[PDB]
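Sequence lines, in order, name chains S and V. Heads up, the first sequence is in full-length UniProt numbering, so the first residue is 40 and it goes up one at a time. Heads up, the second sequence is in full-length UniProt numbering, so the first residue is 40 and it goes up one at a time. Beta carbons: idealized from backbone N, C-alpha and C, even for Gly.
Protein chains: 2
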Amino acid sequence: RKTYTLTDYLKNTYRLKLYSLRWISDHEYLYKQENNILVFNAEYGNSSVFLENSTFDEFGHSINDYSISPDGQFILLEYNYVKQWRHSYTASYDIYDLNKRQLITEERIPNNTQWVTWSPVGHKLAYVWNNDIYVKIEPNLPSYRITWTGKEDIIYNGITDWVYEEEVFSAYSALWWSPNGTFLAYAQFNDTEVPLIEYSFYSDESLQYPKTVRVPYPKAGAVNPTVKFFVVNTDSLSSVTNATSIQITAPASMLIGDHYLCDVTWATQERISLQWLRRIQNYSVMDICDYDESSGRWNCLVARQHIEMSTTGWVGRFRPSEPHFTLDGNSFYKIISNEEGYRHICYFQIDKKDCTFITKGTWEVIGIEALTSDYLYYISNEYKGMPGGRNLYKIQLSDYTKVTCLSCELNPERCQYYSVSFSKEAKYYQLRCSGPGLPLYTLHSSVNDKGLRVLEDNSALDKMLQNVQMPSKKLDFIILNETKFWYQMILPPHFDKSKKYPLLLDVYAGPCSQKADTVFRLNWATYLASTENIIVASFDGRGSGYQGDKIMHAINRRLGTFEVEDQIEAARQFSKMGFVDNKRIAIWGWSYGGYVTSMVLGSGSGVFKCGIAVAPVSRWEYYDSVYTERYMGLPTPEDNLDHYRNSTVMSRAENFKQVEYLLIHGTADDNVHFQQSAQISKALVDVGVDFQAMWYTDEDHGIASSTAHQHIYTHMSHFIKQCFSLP
Amino acid sequence: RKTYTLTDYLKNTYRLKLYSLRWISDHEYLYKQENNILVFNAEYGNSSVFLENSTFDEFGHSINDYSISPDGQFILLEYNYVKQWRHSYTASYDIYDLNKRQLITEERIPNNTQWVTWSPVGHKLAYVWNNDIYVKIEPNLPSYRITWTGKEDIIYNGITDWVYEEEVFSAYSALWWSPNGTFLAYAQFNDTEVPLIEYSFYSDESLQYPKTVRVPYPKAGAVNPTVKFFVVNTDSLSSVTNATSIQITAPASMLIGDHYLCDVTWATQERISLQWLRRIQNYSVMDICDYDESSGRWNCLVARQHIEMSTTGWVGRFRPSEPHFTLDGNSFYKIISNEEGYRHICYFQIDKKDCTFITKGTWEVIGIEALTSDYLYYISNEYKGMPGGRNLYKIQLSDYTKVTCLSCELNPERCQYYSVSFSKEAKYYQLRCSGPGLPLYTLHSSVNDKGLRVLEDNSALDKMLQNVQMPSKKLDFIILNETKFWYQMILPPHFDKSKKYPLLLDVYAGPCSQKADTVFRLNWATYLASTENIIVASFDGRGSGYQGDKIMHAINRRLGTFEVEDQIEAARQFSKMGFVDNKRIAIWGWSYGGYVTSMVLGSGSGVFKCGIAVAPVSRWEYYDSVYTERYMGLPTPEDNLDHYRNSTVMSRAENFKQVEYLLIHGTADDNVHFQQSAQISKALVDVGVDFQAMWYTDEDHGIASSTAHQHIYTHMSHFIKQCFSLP
Ligand SMILES: CS(=O)(=O)n1c(-c2ccc(Cl)cc2Cl)c(CN)c2ccccc21
Ligand SMILES: CS(=O)(=O)n1c(-c2ccc(Cl)cc2Cl)c(CN)c2ccccc21
């Protein structure tokens, strides 16, 4: 008789259990038993206590994370965790000897270390501190400082700056050990002329003057960071002479203009692959660099370059694909568009231009997961032609026809969204099942692909959910101009298709987005349907991903058009399904969704009663360069300034008179700047439109403070309930 | 059958006519006939066109203001007006010869001039440009640069910095010509170590990166600006040698610590009076400085110092009073507290300590308006014991008993709030009547005080107002602990004391405030009562002015206490009048009112349903030093840190759960910093209270943009209507 209330979502009353493990060897992994770390065996499921809780009672500090050295002799300890941006943070580090069972108290890793990583084998150590790189050959010995040029907010050695972190690497780190730990490949970023975004930080009430944050941040068309790439030989590091770092220069075609280092991948011990991208993100080059013994330098033969380019839009889904090399390093696999525009696996041969495709069809390969000498293991959405499903497939390297599905039939009813975790030589794999049923976690041996045991089945959650009226989940498609376009609906408990429901359209709709999937979730929508009887829906229209280029490249150079209209058209289709009170239709989104939400409410379609935009982009000139220019080119008279000018929400301010509007922005948002919503709010005030604002002091782009998270969703629920006349 | 709507207020449908004039001689003034400037005669009411409109058709620029040189030979023209803060601005200037009828095109006054003023007689000219002072002896000759030290945001010569402008002088200028124009007294402000307030400015949508504003601004207890004072002799300015500026140093008792220059007044050609104030604003000294012919220097005899100090709080209403000297400069008059704590006129004698009072009683002299050799003319609120009335009184200098009221009886029904404008030798005076009836403007001759003619009677407005259902206005008092405490009520049309009305408490309630007066007004309240039938009320409680020190010094060192409780108690009194729906009582205020509004809503009294705080101070440590410390002393363990800590709105965040709350702040407010509302909004989010926010992009402290002014009042009306359940 009870429903999924707001407080159930805001308090995690029903918690989804994960099974988070990490492979140590090829048959041994680790797990956290609330307080204990064990070494589980991949053969038997027997575990012995690897690390007890009372091991670091005496430490004094709270331990954020840990890290085992590859040989299993040392453990790196992380504490005083201070977050920066999406991936970046700062921590104090301690090394603990596992065999001697004691803290290394000499030559300790400094406070405020930006990044640390063990070498792939043994126990070498590379850390970045004040933007410079240091290498430790032994945990208790001095560290050789490899770089000297590192300067705050200007020169980044072995770590990324803002825009590379967010948009290019999805990591703070910019270091790459060679396979056996001999070479340390690193990148360097010059931000000298990159402009600063500035904003207040009001901080604790005890701070009398607001602080001002200043981040090097290239908005669309402004001066970008510049990048150099280096490889240093750690084995011949000297106490007496500074370590010499060999530079691999960008190729001819990339130097002629602004460019990006967008991918670094080691092939073998003496082989490394670089992928450069042009600022105009439709032309990329892949250099393959070998080590010359006599020279001591790296040489990339021109005849080994490979061009990944695209006539119909940007290259890659968000960045070009990474390569997966055979062991001998004379051959690799990656995911490119085929001639009909669908992303599949091409078998490349080191020395030739033409590659041959190993998979094909009207569906896309999502990722390459591991390759052995016998098999290539990949995930795709081929199963039942469902773009929103994920399944694991193995392909035989001796016969491209022999392709087995390893996950499709395991549990076809409860399980359709899979992800994988292979052991250190791909002997075993963990399968995470994400929906539509409750998450399921299993372990298998890839020799015969048979199941071994259930790691987590969420039966503890299952039992509790029977006591609650849960909403149901409809994934389906519709036909627009002869193409399938998928949508999902979170349908209220005891759903009655003859009754008339209020509908909340939940929008993201960015380039290569996908809001219609088979993933079980417990979010606000769950509550909205369950307690408030509102049908929340999502619809992947033009420019959404995993369906080929034709659909994804549709919005090329035309952001804020087709995908906006497609959202309006989606609601129009939903109200023509006849179970929708077309007088009470609302739209809401975050980030890009925030934007679409605003462009739709400002469209004048008349379809939408009200809507909420959280942290919206308002015009593209205000957003970071790499993301924007990827889809928009440059805001110049010679490029695309016209459609930059022509696609802002400020320009649509008049039509907002027709709707009710809640705009929310975190004041300390470094990603989508407060500036964006401030420029919207102004435009509306100017043309006399009334709306609702909520700023969030010192909240950033996630508004994910413990307390702000609660408050923002409470605030929105009140807004939505009232706009739908629900008491 | 029609009422005063919202659009009548937001569009000025019913406009109050002023009569704005400026005396040129002792019997000739100027007026603006929409497009024309005339010279009206004070004897006959005959006017000849002084300046035609088509005189500056050819100018090309729009002319913001004008200014006549005292002799009537030159007119100064103001254009390209760019506003800075409350009084400060920046303009291009042109001088036009009135007799030759042409623009002076040589040695023109520079663009971005910060301030200009004619010398009291003749046609000398002093201007401030890039923080340095320049003097022009003739409109077409080079200017002598008096100062060389002026530096942006640091050194201010002859103009004020932020805090002096806002809190001390109420002017941008810091120049004072001597009576006949020989000496130019100026002030200098050092801001070297004054900290900066920083904030974004989002500007036009065409600005890609928000700008950051940086103003030297001393918050409570921080480092203040320092000040020096100079007198330069303009008659002996040289082309060849730099002009020498004689410094008058602050007295011994002022130098021992932090202090202010708070008043500069010339007594005679060779006599000047300075009033210094301690940072602890209860001790002030007045130095009187005389010119030494042989020296060429200024000497202020110690035996001519006068101390104005206060045992029970701060000295003066907002600053110490200014002196009004007899012609010979051996005697002056000013407004100080008498021994029973009410402000009256003391007759000071240059060479002695003790002054004798010329007026007395339980009421207060408001201002001294002009003195002749025969009469002192002042405004007070004595009439009918009404603190909220203003009337003109003349007092005989030969007999302190003979005091005539010049305005009381003129029109006792329509007119109770008077202000005055005397001619250049006090031969004639203009009376502005401000209420309770329609504003009335009359002219009189002070020789026999008889009326001469009606200048403006607003009959044009009167005619229109008969067609509209107007609200009525009740001024009255109540008795709390044996003291009278006044309140006013804007009562809805056709008011029915047996019916039950919704009440909006309109609060300011700052030190020396007065919201209960006899002034006719057309504001939001008019509409609220007229169209929405809401009783809006105001109540001057403890800490309010014009009633003696006992009432005003009540909140000394105790801001955010008595005056807050007294607002709650006021509502409690109003609901005990029985025409009030005590289920629908709301509070709202701006600035200090914003604060009290928020302190009341956070009180937990239960009396108030909802309320709106616009640009509120949230804790006193965040507000400028001179204002704060005046009432609060220093936020230090040895002074008053405890009550700084104990009187914040953030600390009352929990109780806001009981009320509904709209917080509004302009993001580019340099006065009450956004920081303040941002710290409130945080406090609430943290304790889980829901509220409403509205930020105002680039709006400052007045939120007085044409468009924002409309938008904010619309938004608030919606909030108030809905909180009162009015459709
Ligand atoms: C949550 S997001 O889809 O909006 N998102 C966005 C994103 C995309 C577009 C816009 Cl307008 C805003 C954001 Cl936060 C980025 C930046 N590329 C990202 C990176 C890593 C993970 C998620 C990310
Ligand atoms: C409009 S105000 O009463 O709030 N006000 C305030 C004021 C007083 C207190 C607070 Cl918390 C805020 C303001 Cl704007 C000042 C600053 N002393 C002022 C100067 C000249 C004219 C009006 C002024």
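Interface flag, residue i vs chain S, CB-CB below 7 Å
i: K721 of chain V; result: yes
i: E660 of chain V; result: yes
i: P234 of chain V; result: yes
i: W629 of chain V; result: no
i: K536 of chain V; result: no
i: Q714 of chain V; result: yes
i: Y372 of chain V; result: no
i: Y120 of chain V; result: no
Where residue i meets chain V, residues with beta-carbon distance less than 9 Å
i: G727 of chain S; result: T746, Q749, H750, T753
Proximal residues of chain V, C-beta to C-beta of residue i below 7 Å
i: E379 of chain S; result: Per Cβ cutoff of 7 Å: no residues; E379 of chain S is ~40 Å from chain V at best.
i: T706 of chain S; result: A717
Beta-carbon gap between residue i and residue j smaller than 7 Å
i: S577 of chain V; j: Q553 of chain V; result: no
i: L300 of chain S; j: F268 of chain S; result: yes
i: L598 of chain S; j: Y670 of chain S; result: yes
i: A654 of chain S; j: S630 of chain S; result: yes
i: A165 of chain V; j: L223 of chain V; result: yes
i: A465 of chain V; j: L543 of chain V; result: no
i: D110 of chain V; j: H162 of chain V; result: yes
i: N430 of chain S; j: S446 of chain S; result: yes
i: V688 of chain V; j: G628 of chain V; result: no
i: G220 of chain S; j: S158 of chain S; result: yes
7 Å Cβ cutoff, residue i in contact with chain V
i: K463 of chain S; result: no
i: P541 of chain S; result: no
i: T736 of chain S; result: yes
i: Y173 of chain S; result: no
i: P257 of chain S; result: no
i: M733 of chain S; result: yes
i: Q247 of chain S; result: yes
For residue j and residue i, believed in contact at Cβ under 8 Å, the rounded distance
i: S657 of chain S; j: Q718 of chain S; result: 5 Å
i: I594 of chain V; j: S644 of chain V; result: That belief does not hold up - the Cβ atoms of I594 of chain V and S644 of chain V are roughly 19 Å apart, past 8 Å.
i: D605 of chain S; j: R581 of chain S; result: 5 Å
i: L470 of chain V; j: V459 of chain V; result: 6 Å
i: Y752 of chain S; j: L49 of chain S; result: 6 Å
Cross-chain neighbours of residue i in chain V, by beta carbon under 8 Å
i: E244 of chain S; result: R658, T687, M689, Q718, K721, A722
i: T251 of chain S; result: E237, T251
i: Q697 of chain S; result: Residues of chain V passing the Cβ test: none, with the nearest at roughly 16 Å.
Contact list for residue i against chain S, beta-carbon separation under 9 Å
i: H757 of chain V; result: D729
Neighbouring residues, chain S, relative to residue i (Cβ below 8 Å)
i: residue 790 of chain V; result: The first residue shown for chain V is 40 and the last is 766, placing residue 790 of chain V beyond what the model contains.
Neighbour flag for residue i against chain A, beta carbons, 7 Å
i: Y241 of chain S; result: Protein chains in the displayed structure are S and V, and chain A is not among them.
### Query
Would you call the segment 701-708 of chain S and the segment 722-740 of chain S touching, i.e. three or more CB-CB distances under 8 Å?
Three or more beta-carbon pairs drawn from the segment 701-708 of chain S and the segment 722-740 of chain S are found closer than 8 Å, and the two stretches are therefore classed as touching.
### Message
Can you confirm whether the segment 334-341 of chain S touches the segment 355-375 of chain S when touching is taken to mean that 3 or more C-beta pairs between the two stretches lie within less than 8 Å?
### Response
Remark: fewer than three beta-carbon pairs, one from each stretch, lie closer than 8 Å, so the segment 355-375 of chain S and the segment 334-341 of chain S are not flagged as touching.
### Three-pair Cβ contact test at 8 Å for the segment 499-514 of chain V versus the segment 528-541 of chain V
Judged by pairs of C-beta atoms under 8 Å, the segment 499-514 of chain V touches the segment 528-541 of chain V, as three or more such pairs exist.
### Query
How about the segment 172-183 of chain V and the segment 83-94 of chain V: do they share at least three Cβ pairs that are nearer than 8 Å?
Cβ pair count under 8 Å is below three, so no.
### Query
Does the segment 399-415 of chain S come within contact of the segment 565-572 of chain S, defined as at least 3 CB pairs closer than 8 Å?
Contact between the segment 399-415 of chain S and the segment 565-572 of chain S is not established, with fewer than three Cβ pairs separated by less than 8 Å.
### Query
For the segment 200-215 of chain V against the segment 124-133 of chain V, are there 3 or more C-beta pairs whose distance is under 8 Å?
Yes, they touch.
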